[PDB]
């Protein structure tokens, strides 16, 4: 297990302090975070959520500001998030999303105090 590599990937996929719904496509695409579907070199993830908070604040969910939820951890306080859901396209640089801005109790996987995965809602694509 490489906790620090997974943490850095979690920053790239899920930490966006100034994100907005209008930025889903540009941020997920190859000119920025180049976020791709697991198991592919160029596929579109069906959903990716950005947490609109600083990484240090989000890391506290893995400490005292989180409570257990099965093999994951739920934030004790809600966080502002932008949820980007795949609307059309199946490969980069043409993955096009619809985004929703909301406030959610985020659910993460933590390893020795570091966040390494974001638990997304199941989604309907298209």
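Numbering follows the first chain given and starts at 1.
query: Out of 72-80 and 45-53, which stretch has the higher average CA B-factor listed in the record?
result: Per the PDB entry, the higher value belongs to 72-80.
task: Name the higher of the two by mean Cα B-factor in the PDB entry, 29-37 versus 57-65.
output: Comparing averages over the C-alpha atoms only gives 57-65.
- prompt: Once the chain's modelled residues are ordered by C-alpha B factor and cut into thirds, is residue 12 in the lowest, middle or highest one?
  reply: According to the entry, residue 12 has a C-alpha B-factor in the chain's lowest third.
message: Looking at the temperature factor on the CA atom of residue 125, which third of the chain's modelled residues does it land in?
response: Answer is middle: the recorded C-alpha B-factor places it there.
- prompt: Going by the entry, which third of its chain does the Cα temperature factor of residue 24 land in?
  reply: Ranked within chain, residue 24 CA B lands in the lowest tercile.
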